[PDB]
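Trainee: Dropping a structure here in structure tokens format, bear with me for questions.
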Amino acid sequence: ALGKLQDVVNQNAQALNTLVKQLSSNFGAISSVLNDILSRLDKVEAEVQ
Amino acid sequence: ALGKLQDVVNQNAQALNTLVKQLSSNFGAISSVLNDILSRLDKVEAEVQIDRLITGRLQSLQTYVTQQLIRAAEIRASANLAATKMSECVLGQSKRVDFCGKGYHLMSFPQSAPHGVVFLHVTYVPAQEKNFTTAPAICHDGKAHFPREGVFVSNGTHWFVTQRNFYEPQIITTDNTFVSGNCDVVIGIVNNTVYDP
Amino acid sequence: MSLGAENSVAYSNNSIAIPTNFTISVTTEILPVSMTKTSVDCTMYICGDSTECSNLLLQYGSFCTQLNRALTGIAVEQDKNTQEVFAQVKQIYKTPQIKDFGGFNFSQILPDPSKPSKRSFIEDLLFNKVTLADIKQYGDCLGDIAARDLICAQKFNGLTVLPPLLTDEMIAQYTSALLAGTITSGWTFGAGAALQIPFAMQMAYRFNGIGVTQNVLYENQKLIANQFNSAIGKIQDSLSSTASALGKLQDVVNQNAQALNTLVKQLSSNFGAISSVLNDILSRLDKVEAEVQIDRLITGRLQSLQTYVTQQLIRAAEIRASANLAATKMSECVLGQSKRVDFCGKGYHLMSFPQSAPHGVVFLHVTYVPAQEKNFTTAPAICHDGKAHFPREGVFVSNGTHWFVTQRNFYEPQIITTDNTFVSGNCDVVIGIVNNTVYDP
Amino acid sequence: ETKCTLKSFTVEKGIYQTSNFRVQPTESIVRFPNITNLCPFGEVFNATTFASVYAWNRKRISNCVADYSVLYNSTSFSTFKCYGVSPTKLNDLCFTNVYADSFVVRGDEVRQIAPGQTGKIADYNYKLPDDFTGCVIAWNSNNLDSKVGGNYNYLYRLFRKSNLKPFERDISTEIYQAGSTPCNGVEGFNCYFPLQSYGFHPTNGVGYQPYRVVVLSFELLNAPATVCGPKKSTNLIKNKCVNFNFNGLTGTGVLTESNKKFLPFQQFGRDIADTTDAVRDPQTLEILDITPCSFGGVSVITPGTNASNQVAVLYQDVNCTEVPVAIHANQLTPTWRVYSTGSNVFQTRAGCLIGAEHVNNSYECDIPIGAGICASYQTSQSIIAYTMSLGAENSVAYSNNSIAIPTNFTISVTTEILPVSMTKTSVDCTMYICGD
Ligand SMILES: *[C@@H]1O[C@H](CO)[C@@H](O[C@@H]2O[C@H](CO)[C@@H](O)[C@H](O)[C@H]2NC(C)=O)[C@H](O)[C@H]1NC(C)=O
Ligand SMILES: *[C@@H]1O[C@H](CO)[C@@H](O[C@@H]2O[C@H](CO)[C@@H](O)[C@H](O)[C@H]2NC(C)=O)[C@H](O)[C@H]1NC(C)=O
Ligand SMILES: *[C@@H]1O[C@H](CO)[C@@H](O[C@@H]2O[C@H](CO)[C@@H](O)[C@H](O)[C@H]2NC(C)=O)[C@H](O)[C@H]1NC(C)=O
Ligand SMILES: *[C@@H]1O[C@H](CO)[C@@H](O[C@@H]2O[C@H](CO)[C@@H](O)[C@H](O)[C@H]2NC(C)=O)[C@H](O)[C@H]1NC(C)=O
Ligand SMILES: *[C@@H]1O[C@H](CO)[C@@H](O[C@@H]2O[C@H](CO)[C@@H](O)[C@H](O)[C@H]2NC(C)=O)[C@H](O)[C@H]1NC(C)=O
Ligand SMILES: *[C@@H]1O[C@H](CO)[C@@H](O[C@@H]2O[C@H](CO)[C@@H](O)[C@H](O)[C@H]2NC(C)=O)[C@H](O)[C@H]1NC(C)=O
Ligand SMILES: *[C@@H]1O[C@H](CO)[C@@H](O[C@@H]2O[C@H](CO)[C@@H](O)[C@H](O)[C@H]2NC(C)=O)[C@H](O)[C@H]1NC(C)=O
Ligand SMILES: *[C@@H]1O[C@H](CO)[C@@H](O[C@@H]2O[C@H](CO)[C@@H](O)[C@H](O)[C@H]2NC(C)=O)[C@H](O)[C@H]1NC(C)=O
Ligand SMILES: CCCCC/C=C/C/C=C/CCCCCCCC(=O)O
Ligand SMILES: CCCCC/C=C/C/C=C/CCCCCCCC(=O)O
Ligand SMILES: *[C@@H]1O[C@H](CO)[C@@H](O)[C@H](O)[C@H]1NC(C)=O
Ligand SMILES: *[C@@H]1O[C@H](CO)[C@@H](O)[C@H](O)[C@H]1NC(C)=O
Ligand SMILES: *[C@@H]1O[C@H](CO)[C@@H](O)[C@H](O)[C@H]1NC(C)=O
Ligand SMILES: *[C@@H]1O[C@H](CO)[C@@H](O)[C@H](O)[C@H]1NC(C)=O
Ligand SMILES: *[C@@H]1O[C@H](CO)[C@@H](O)[C@H](O)[C@H]1NC(C)=O
Ligand SMILES: *[C@@H]1O[C@H](CO)[C@@H](O)[C@H](O)[C@H]1NC(C)=O
Ligand SMILES: *[C@@H]1O[C@H](CO)[C@@H](O)[C@H](O)[C@H]1NC(C)=O
Ligand SMILES: *[C@@H]1O[C@H](CO)[C@@H](O)[C@H](O)[C@H]1NC(C)=O
């Protein structure tokens, strides 16, 4: 019993977890880390990334 | 009739068709065909074109999913209303006004339909009304008499007591009325006689 | 925070509390019905008077049709909400000429013919209590201004507001017809042809519905009419003084205006381009290495339009749910009497009266509240001749010496006769039976 | 037009909203300022001597016309690049503050005059900003800056403590301490003079030959222009859908006389949505305002195309007397012009309806126009507009001693249709996006 409250809690936790883990996507860039882009490229031709 | 089921079907078909036909968009790329991009360009300076196409198609899919969820919420609300009506009007009799048809509800019958349900409501409608002269109470022996159920009516000469939803006049006896107080505070009381068995 | 006032009730196994008086209480309920209908010209919002931007936007063709289809569906749903909320009956019942209603005074809710718009006093107060920030005719924006009003900005950026199908006079006529039907015919006009009845007999029907014998009305008619008139006047002076009410209609209007203003002011974003102005890009760069900037601007503005449309759909669903609730309350409380608890006000429901409001409806619920209770000693049954007696309706009470039978909601003691009780079994199984005598006529 | 908005050849009965498809601009005007002096390209491209790269020369250029077609006969440029502006748009623009930086560098170091470069010249002599706008010009000058025996009058800095800032100049000649021991202001071991001289012989390689470099820096600031392009002004056209060019700013719309005060050293005045509306005419000093040429708020009311082809047009929030000015009916086709005026003209609270006659009757709403007005197709055949009827007028005979009692009844059945479920769909994203 109490499946409805349980899966509401599970849905909220899963949404937060996938929002956290969606930070590892390149989105068509050279890397998913801002530090690598800021460390390997200058002020120009890094704004696109 | 049956416009709701028809346009739900039409909405779903139109959404699928426009999702199919949205594949012919460049999204700012040189072409809308992946084969031309992969045939005219090398591995580098072709990832940007494929990235534009991927972003556009992902946006289209997300828009379709969002509209599907929004439609599903309304469909679920309609299904909840249909389940409530089936429970409260097929499995019983409802006193709620206009919940299951115009007039006073008597019965209901369910029928199936493509992605839907059809309720046949059987109700009672009064007709052929007649004018009458009424009174709140009757003072017979210095005391007021109020009807148990129904009202006092008069055809010009005599007085009768009748039920409210149908005309069925009866002699005003002590088994139809009850006594409460004297005939001094009720506004519009009428002198008459009350039969005693 | 404090939950409320601490209270306790004196409970024993042989005690009752019976009310001896009553009050007639009227309450107000405000429900939104519809909202503003908007239309968006996508090719004018994204590419204002630019042919190259139009040619580039020709690739994104079906998105504009999809957005316009969604907005038109929202608009026709907004009209339909008012259609099933207010157009319940299809007969425009004229107001009666004579106003002999047994002492009841419906002057503040009936229409006033002196005003150009046939509206009541309460309806005028309700319209004056909502700002309804708009009427800007085209041409006034043309010249003598730099569009500080932001309506000219919305019009020049391709955002328009469509007027509703039913004007305020027709809604006022519908409410007047419902009010004339419900005070001259009772609930009969909502289930067929309207049958006339005096108002006192109608209120006797309502009192019999809530469980009180109808002689209470015929003995306290003047007091009930005075209480009803005083409470109507109290609602009138409460609404004529403070503006803290009608918050729902006000913040629906505020939400729509804020959404439109945000959509207008989102045009000043670069979206990762060299500038947010199409003219600078078209005047500083040639045909190539300018399609990328216009493509970025097109993608950003299309995203903004899609976000606005999605939020509008989400708001429209909630507005439709509220309109469905309002239609249900209209059909179940104005056209009849409801036995559901707290569906149409605190207490026992007697009547309801509708009034119009900007994108909404206001219900005045007339209810019955008992008051001035008293303690009594109570028995479940009476054993007279070796057999138990149970009341047909009401309960047995005792004032210390003698026993009486009374109705449950009002104090009206009577002699325990054989016409008030019925006999079932011997006085051996009922727990707490009390010896007494049952009179026989 | 409403066939074109729906992208179909058949139209169902009802009301539709259409996009703008009527008015097209035809005329174009230019409003450049009147400057007559030719710009002194020669005084900077034909000087008898230039400056060293470590002491590059900066000159301000103002109140001139940049034609640059007079340089086609004299000099040919080996390097010509531009950042922030396309080269073909240079004749249509007016600048604000033009700065020319001139020097002479080796032919192998011309590639270092660019943003983001590194090396010897870009680190210690001359550095460009990352957000640089303007152009770089460089050409060979072996027959001018080189002579027999060696030209040693050009110098460059070889050593420095740190890299230069953008547009920074350093002419100090202090002794550079390469090692750890102090130099004490005298040359020696690990103590070098920071400047060194180019050896420009007329017989060395192409990469070791003198090149002359001129860097032009500009900006499109909101200020009166001083340097313009070679364009001729055009007379003002008002109250028409025209293209305009004001001091290099291009646009489209309708020009109308207006008024506003404006601060002198500013030029452009924007709107809430960053749209330019306030300008100063450089030839007449009259501030006009720009209005969009497109108009929105046109709806088409029609029956089905299977029925007929007649339509009615509703203009939203437009007075029925001001309709042809608001839609520019003078420059439209006559088939659109017949819907601008005529006899069937009705003024409603929703606007102006043209093409349907206004009857005095009242029926049920067939096609909802708005504000209590509906329209329908009735009888020849025509399109009529009316005010919708709420219902049948009725009255009830009320008195204080009268009641009405029913004497008969009817049993009535009725339908109620309710949707329950819909179509269940699934997608395959890796097949939809990237098929095989
Ligand atoms: C009102 O109703 C009463 C009862 O039905 C009528 O009285 C009867 O009238 C009939 C004639 O139609 C006589 O034959 C009966 O003998 C009457 N009964 C009694 C007890 O007197 C009366 O006529 C009706 N009045 C009107 C005006 O219709
Ligand atoms: C109803 O009947 C009562 C008699 O029971 C009437 O009361 C009498 O009326 C006469 C004439 O006005 C007086 O002289 C008597 O003194 C009254 N007696 C009492 C006890 O009140 C009464 O008037 C009748 N009402 C109507 C409307 O006819
Ligand atoms: C029931 O309550 C009403 C309302 O409070 C009482 O009516 C009041 O009676 C007093 C004294 O008779 C008057 O001064 C007030 O003006 C009355 N109020 C109104 C609104 O008319 C009534 O007396 C109460 N009844 C009982 C039995 O207690
Ligand atoms: C109904 O209540 C009102 C409020 O006290 C009574 O007073 C009238 O109020 C209206 C305001 O809408 C005025 O225009 C009238 O002039 C007022 N009349 C008087 C006599 O002051 C009104 O009289 C009551 N209705 C009845 C039938 O008594
Ligand atoms: C309980 O109620 C009964 C009935 O009202 C009371 O009996 C009457 O009391 C009065 C005095 O207040 C006498 O004048 C009557 O003659 C009594 N009637 C009978 C039939 O005896 C009784 O007094 C009440 N008891 C209490 C404790 O208040
Ligand atoms: C209620 O009255 C009955 C009389 O009908 C009482 O019953 C009698 O009580 C006496 C005294 O205890 C006994 O001697 C008799 O045998 C009983 N008769 C019967 C038929 O039961 C009864 O006790 C009374 N109850 C109360 C609570 O007073
Ligand atoms: C601008 O001048 C300052 C002051 O001399 C320079 O900062 C010095 O740089 C040297 C070389 O690294 C250091 O040894 C000093 O300690 C610095 N002094 C201070 C106060 O910071 C600075 O390098 C010069 N700017 C450039 C671009 O060369
Ligand atoms: C109540 O209404 C029904 C329905 O109209 C009436 O029944 C009709 O009576 C007439 C005359 O006797 C017949 O010709 C019809 O065929 C009947 N219709 C049906 C469906 O049976 C009935 O007579 C009415 N009753 C009263 C008292 O007026
Ligand atoms: C005295 C300089 C005045 C500068 C004023 C503003 C500059 C705008 C025009 C720049 C053009 C410079 C000449 C470039 C010629 C290129 C032709 C070629 O490829 O051969
Ligand atoms: C033997 C190579 C070891 C170094 C490998 C690590 C890479 C870092 C150095 C790369 C630059 C090499 C010299 C280029 C000098 C600048 C060019 C110029 O004159 O403008
Ligand atoms: C009742 O009487 C009134 C007034 O004479 C009349 O208008 C009405 O039609 C009558 N009702 C019936 C059902 O005859
Ligand atoms: C009904 O109204 C009439 C006229 O106003 C009046 O003469 C009569 O006394 C009233 N009757 C009642 C019971 O109120
Ligand atoms: C009933 O009696 C209890 C206990 O004496 C008391 O607390 C309560 O107030 C009484 N009720 C009334 C209405 O006085
Ligand atoms: C009520 O409770 C009291 C308290 O114990 C008890 O003495 C009495 O018998 C009870 N009466 C009934 C009818 O239960
Ligand atoms: C450039 O300078 C030389 C030398 O003074 C001169 O002969 C020539 O005419 C000049 N050319 C131009 C275009 O000024
Ligand atoms: C300039 O043009 C003239 C003829 O137009 C030509 O004789 C002359 O040689 C040109 N100048 C140079 C430096 O070639
Ligand atoms: C030329 O420039 C002057 C200087 O501001 C200005 O007053 C004038 O209007 C301009 N145009 C003409 C045609 O003289
Ligand atoms: C435009 O129409 C309105 C009616 O809504 C009218 O009041 C106004 O005077 C009209 N304008 C002109 C210039 O006639």
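Note on naming: chains are A, B, ... as they come in the structure tokens, residues start from 1 per chain, ligands start from 1 in the order shown.
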Contacts between chain D and chain C, please, where a residue of chain C counts if it comes within 8 Å (with only C-alpha atoms); show its shortest atom pair and distance in Å to one decimal, rows by chain and ascending number, as JSON lines.
Mentor:
```
{"residue": "C:41", "atom": "CA", "partner": "D:19", "partner_atom": "CA", "distance": 6.9}
{"residue": "C:43", "atom": "CA", "partner": "D:19", "partner_atom": "CA", "distance": 7.8}
{"residue": "C:44", "atom": "CA", "partner": "D:294", "partner_atom": "CA", "distance": 7.7}
{"residue": "C:48", "atom": "CA", "partner": "D:292", "partner_atom": "CA", "distance": 7.7}
{"residue": "C:49", "atom": "CA", "partner": "D:252", "partner_atom": "CA", "distance": 6.2}
{"residue": "C:50", "atom": "CA", "partner": "D:252", "partner_atom": "CA", "distance": 7.4}
{"residue": "C:65", "atom": "CA", "partner": "D:6", "partner_atom": "CA", "distance": 7.8}
{"residue": "C:90", "atom": "CA", "partner": "D:391", "partner_atom": "CA", "distance": 5.1}
{"residue": "C:91", "atom": "CA", "partner": "D:392", "partner_atom": "CA", "distance": 5.2}
{"residue": "C:92", "atom": "CA", "partner": "D:393", "partner_atom": "CA", "distance": 5.0}
{"residue": "C:93", "atom": "CA", "partner": "D:394", "partner_atom": "CA", "distance": 4.9}
{"residue": "C:94", "atom": "CA", "partner": "D:395", "partner_atom": "CA", "distance": 5.1}
{"residue": "C:95", "atom": "CA", "partner": "D:395", "partner_atom": "CA", "distance": 7.6}
{"residue": "C:96", "atom": "CA", "partner": "D:398", "partner_atom": "CA", "distance": 7.0}
{"residue": "C:98", "atom": "CA", "partner": "D:399", "partner_atom": "CA", "distance": 7.9}
{"residue": "C:100", "atom": "CA", "partner": "D:400", "partner_atom": "CA", "distance": 7.0}
{"residue": "C:101", "atom": "CA", "partner": "D:400", "partner_atom": "CA", "distance": 7.6}
{"residue": "C:136", "atom": "CA", "partner": "D:317", "partner_atom": "CA", "distance": 7.6}
{"residue": "C:137", "atom": "CA", "partner": "D:317", "partner_atom": "CA", "distance": 4.9}
{"residue": "C:138", "atom": "CA", "partner": "D:317", "partner_atom": "CA", "distance": 5.6}
{"residue": "C:139", "atom": "CA", "partner": "D:318", "partner_atom": "CA", "distance": 7.6}
{"residue": "C:142", "atom": "CA", "partner": "D:291", "partner_atom": "CA", "distance": 7.6}
{"residue": "C:143", "atom": "CA", "partner": "D:258", "partner_atom": "CA", "distance": 7.0}
{"residue": "C:144", "atom": "CA", "partner": "D:258", "partner_atom": "CA", "distance": 7.3}
{"residue": "C:146", "atom": "CA", "partner": "D:271", "partner_atom": "CA", "distance": 7.8}
{"residue": "C:155", "atom": "CA", "partner": "D:296", "partner_atom": "CA", "distance": 7.5}
{"residue": "C:156", "atom": "CA", "partner": "D:292", "partner_atom": "CA", "distance": 6.8}
{"residue": "C:158", "atom": "CA", "partner": "D:296", "partner_atom": "CA", "distance": 6.4}
{"residue": "C:160", "atom": "CA", "partner": "D:297", "partner_atom": "CA", "distance": 7.2}
{"residue": "C:163", "atom": "CA", "partner": "D:370", "partner_atom": "CA", "distance": 6.3}
{"residue": "C:164", "atom": "CA", "partner": "D:371", "partner_atom": "CA", "distance": 6.0}
{"residue": "C:165", "atom": "CA", "partner": "D:370", "partner_atom": "CA", "distance": 4.3}
{"residue": "C:166", "atom": "CA", "partner": "D:372", "partner_atom": "CA", "distance": 5.3}
{"residue": "C:167", "atom": "CA", "partner": "D:371", "partner_atom": "CA", "distance": 5.5}
{"residue": "C:170", "atom": "CA", "partner": "D:390", "partner_atom": "CA", "distance": 7.4}
{"residue": "C:184", "atom": "CA", "partner": "D:398", "partner_atom": "CA", "distance": 6.3}
{"residue": "C:194", "atom": "CA", "partner": "D:396", "partner_atom": "CA", "distance": 7.3}
{"residue": "C:195", "atom": "CA", "partner": "D:404", "partner_atom": "CA", "distance": 5.2}
{"residue": "C:196", "atom": "CA", "partner": "D:403", "partner_atom": "CA", "distance": 5.4}
{"residue": "C:197", "atom": "CA", "partner": "D:403", "partner_atom": "CA", "distance": 4.8}
{"residue": "C:198", "atom": "CA", "partner": "D:400", "partner_atom": "CA", "distance": 5.1}
{"residue": "C:199", "atom": "CA", "partner": "D:400", "partner_atom": "CA", "distance": 7.8}
{"residue": "C:264", "atom": "CA", "partner": "D:273", "partner_atom": "CA", "distance": 6.8}
{"residue": "C:265", "atom": "CA", "partner": "D:273", "partner_atom": "CA", "distance": 5.6}
{"residue": "C:266", "atom": "CA", "partner": "D:273", "partner_atom": "CA", "distance": 7.6}
{"residue": "C:267", "atom": "CA", "partner": "D:273", "partner_atom": "CA", "distance": 5.4}
{"residue": "C:268", "atom": "CA", "partner": "D:273", "partner_atom": "CA", "distance": 5.4}
{"residue": "C:276", "atom": "CA", "partner": "D:274", "partner_atom": "CA", "distance": 7.4}
{"residue": "C:277", "atom": "CA", "partner": "D:274", "partner_atom": "CA", "distance": 6.9}
{"residue": "C:279", "atom": "CA", "partner": "D:250", "partner_atom": "CA", "distance": 6.0}
{"residue": "C:280", "atom": "CA", "partner": "D:249", "partner_atom": "CA", "distance": 6.9}
{"residue": "C:282", "atom": "CA", "partner": "D:250", "partner_atom": "CA", "distance": 7.5}
{"residue": "C:283", "atom": "CA", "partner": "D:250", "partner_atom": "CA", "distance": 5.8}
{"residue": "C:284", "atom": "CA", "partner": "D:85", "partner_atom": "CA", "distance": 5.4}
{"residue": "C:285", "atom": "CA", "partner": "D:86", "partner_atom": "CA", "distance": 5.0}
{"residue": "C:286", "atom": "CA", "partner": "D:86", "partner_atom": "CA", "distance": 6.1}
```
Trainee: Mind listing as a PyMOL selection string which residues of chain B are within 7 Å of chain D, counting only C-alpha atoms?
Mentor: chain B and resi 2+4-5+54+57+75+78-79+82+101+115-135+164-167
Trainee: Go ahead and write the selection's residues with C-alpha atoms as a PDB file, in the first residue's frame.
Mentor:
```pdb
ATOM      1  CA  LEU B   2     -19.750  12.399 -31.470  1.00  0.00           C
ATOM      2  CA  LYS B   4     -15.414  15.013 -29.180  1.00  0.00           C
ATOM      3  CA  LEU B   5     -14.147  11.514 -29.986  1.00  0.00           C
ATOM      4  CA  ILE B  54      20.160  17.065 -33.899  1.00  0.00           C
ATOM      5  CA  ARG B  57      14.898  17.383 -34.084  1.00  0.00           C
ATOM      6  CA  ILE B  75      -8.273  13.365 -21.009  1.00  0.00           C
ATOM      7  CA  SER B  78     -12.699  13.792 -18.482  1.00  0.00           C
ATOM      8  CA  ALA B  79     -12.238  10.114 -17.589  1.00  0.00           C
ATOM      9  CA  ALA B  82     -17.129   9.897 -16.623  1.00  0.00           C
ATOM     10  CA  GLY B 101     -29.920  15.336 -17.567  1.00  0.00           C
ATOM     11  CA  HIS B 115     -12.443   5.879 -26.883  1.00  0.00           C
ATOM     12  CA  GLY B 116     -15.575   6.986 -25.072  1.00  0.00           C
ATOM     13  CA  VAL B 117     -18.785   6.311 -23.201  1.00  0.00           C
ATOM     14  CA  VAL B 118     -22.372   7.356 -23.940  1.00  0.00           C
ATOM     15  CA  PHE B 119     -24.898   7.765 -21.129  1.00  0.00           C
ATOM     16  CA  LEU B 120     -28.621   7.535 -21.858  1.00  0.00           C
ATOM     17  CA  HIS B 121     -30.351   9.477 -19.086  1.00  0.00           C
ATOM     18  CA  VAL B 122     -34.038   8.766 -18.418  1.00  0.00           C
ATOM     19  CA  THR B 123     -35.723  11.647 -16.586  1.00  0.00           C
ATOM     20  CA  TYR B 124     -39.147  12.929 -15.547  1.00  0.00           C
ATOM     21  CA  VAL B 125     -40.484  16.234 -16.903  1.00  0.00           C
ATOM     22  CA  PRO B 126     -43.749  17.759 -15.604  1.00  0.00           C
ATOM     23  CA  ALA B 127     -46.158  19.238 -18.129  1.00  0.00           C
ATOM     24  CA  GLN B 128     -49.651  20.710 -18.603  1.00  0.00           C
ATOM     25  CA  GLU B 129     -49.651  23.056 -15.627  1.00  0.00           C
ATOM     26  CA  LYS B 130     -52.763  24.737 -14.251  1.00  0.00           C
ATOM     27  CA  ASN B 131     -53.337  27.922 -12.266  1.00  0.00           C
ATOM     28  CA  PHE B 132     -54.586  27.629  -8.693  1.00  0.00           C
ATOM     29  CA  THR B 133     -55.178  29.749  -5.601  1.00  0.00           C
ATOM     30  CA  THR B 134     -53.081  28.792  -2.579  1.00  0.00           C
ATOM     31  CA  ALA B 135     -52.815  29.626   1.119  1.00  0.00           C
ATOM     32  CA  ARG B 164     -46.440  19.386  -5.152  1.00  0.00           C
ATOM     33  CA  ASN B 165     -45.296  17.605  -8.322  1.00  0.00           C
ATOM     34  CA  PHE B 166     -48.676  16.189  -9.405  1.00  0.00           C
ATOM     35  CA  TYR B 167     -52.294  17.317  -9.209  1.00  0.00           C
TER      36      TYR B 167
END
```
Trainee: Go through A:31, A:20, A:26, A:42 one by one, measure the shortest atom-to-atom distance of each to chain B using only C-alpha atoms, and give the residue with the smallest value.
Mentor: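 Among the listed residues, A:26 lies closest to chain B.
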Trainee: Fewer than 6 positions away in the same chain doesn't count, so skip those; otherwise give me all residues within 9 Å of residue 37 in chain A, counting only C-alpha atoms, as a ChimeraX atom specification.
Mentor: /A:30-31,46,49
Trainee: Which chains and residue numbers are within 7 Å of ligand 5, counting only C-alpha atoms and all ligand atoms, if I want them as a ChimeraX atom specification?
Mentor: /C:399-402
Trainee: Determine the nearest neighbour of ligand 17 from the options D:116, D:324, D:202, D:33, counting only C-alpha atoms and all ligand atoms.
Mentor: D:33
Trainee: Counting only C-alpha atoms, figure out which residue out of B:173, B:61, B:71, B:48 gets nearest to chain A.
Mentor: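 Looking only at the distances to chain A, the closest residue turns out to be B:48.
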Trainee: At a cut-off of 9 Å, can you tabulate as JSON lines every residue of chain B near chain C together with its closest atom pair and the distance in Å to one decimal, using only C-alpha atoms and ordering rows by chain then number?
Mentor:
```
{"residue": "B:18", "atom": "CA", "partner": "C:62", "partner_atom": "CA", "distance": 7.6}
{"residue": "B:21", "atom": "CA", "partner": "C:62", "partner_atom": "CA", "distance": 8.6}
{"residue": "B:22", "atom": "CA", "partner": "C:62", "partner_atom": "CA", "distance": 7.1}
{"residue": "B:24", "atom": "CA", "partner": "C:59", "partner_atom": "CA", "distance": 8.4}
{"residue": "B:25", "atom": "CA", "partner": "C:59", "partner_atom": "CA", "distance": 5.7}
{"residue": "B:26", "atom": "CA", "partner": "C:59", "partner_atom": "CA", "distance": 6.4}
{"residue": "B:27", "atom": "CA", "partner": "C:59", "partner_atom": "CA", "distance": 7.2}
{"residue": "B:28", "atom": "CA", "partner": "C:295", "partner_atom": "CA", "distance": 6.1}
{"residue": "B:63", "atom": "CA", "partner": "C:306", "partner_atom": "CA", "distance": 8.4}
{"residue": "B:66", "atom": "CA", "partner": "C:310", "partner_atom": "CA", "distance": 8.2}
{"residue": "B:67", "atom": "CA", "partner": "C:310", "partner_atom": "CA", "distance": 8.2}
{"residue": "B:70", "atom": "CA", "partner": "C:314", "partner_atom": "CA", "distance": 7.5}
{"residue": "B:73", "atom": "CA", "partner": "C:317", "partner_atom": "CA", "distance": 8.7}
{"residue": "B:74", "atom": "CA", "partner": "C:317", "partner_atom": "CA", "distance": 7.6}
{"residue": "B:95", "atom": "CA", "partner": "C:338", "partner_atom": "CA", "distance": 8.5}
{"residue": "B:96", "atom": "CA", "partner": "C:332", "partner_atom": "CA", "distance": 6.3}
{"residue": "B:97", "atom": "CA", "partner": "C:332", "partner_atom": "CA", "distance": 5.2}
{"residue": "B:98", "atom": "CA", "partner": "C:331", "partner_atom": "CA", "distance": 6.3}
{"residue": "B:99", "atom": "CA", "partner": "C:331", "partner_atom": "CA", "distance": 8.1}
{"residue": "B:102", "atom": "CA", "partner": "C:191", "partner_atom": "CA", "distance": 5.7}
{"residue": "B:103", "atom": "CA", "partner": "C:191", "partner_atom": "CA", "distance": 4.2}
{"residue": "B:104", "atom": "CA", "partner": "C:191", "partner_atom": "CA", "distance": 7.0}
{"residue": "B:125", "atom": "CA", "partner": "C:192", "partner_atom": "CA", "distance": 6.5}
{"residue": "B:126", "atom": "CA", "partner": "C:192", "partner_atom": "CA", "distance": 7.0}
{"residue": "B:127", "atom": "CA", "partner": "C:193", "partner_atom": "CA", "distance": 7.7}
{"residue": "B:129", "atom": "CA", "partner": "C:195", "partner_atom": "CA", "distance": 7.8}
{"residue": "B:131", "atom": "CA", "partner": "C:196", "partner_atom": "CA", "distance": 9.0}
{"residue": "B:134", "atom": "CA", "partner": "C:197", "partner_atom": "CA", "distance": 8.8}
{"residue": "B:135", "atom": "CA", "partner": "C:201", "partner_atom": "CA", "distance": 8.7}
{"residue": "B:136", "atom": "CA", "partner": "C:201", "partner_atom": "CA", "distance": 6.8}
{"residue": "B:146", "atom": "CA", "partner": "C:215", "partner_atom": "CA", "distance": 7.3}
{"residue": "B:151", "atom": "CA", "partner": "C:201", "partner_atom": "CA", "distance": 8.9}
{"residue": "B:180", "atom": "CA", "partner": "C:215", "partner_atom": "CA", "distance": 7.1}
{"residue": "B:181", "atom": "CA", "partner": "C:215", "partner_atom": "CA", "distance": 8.9}
{"residue": "B:185", "atom": "CA", "partner": "C:219", "partner_atom": "CA", "distance": 6.0}
{"residue": "B:186", "atom": "CA", "partner": "C:218", "partner_atom": "CA", "distance": 5.3}
{"residue": "B:187", "atom": "CA", "partner": "C:218", "partner_atom": "CA", "distance": 7.3}
```
Trainee: When the cut-off is 8 Å and you count only C-alpha atoms and all ligand atoms, which residues lie near ligand 1, shown as a PyMOL selection string?
Mentor: chain B and resi 154-159
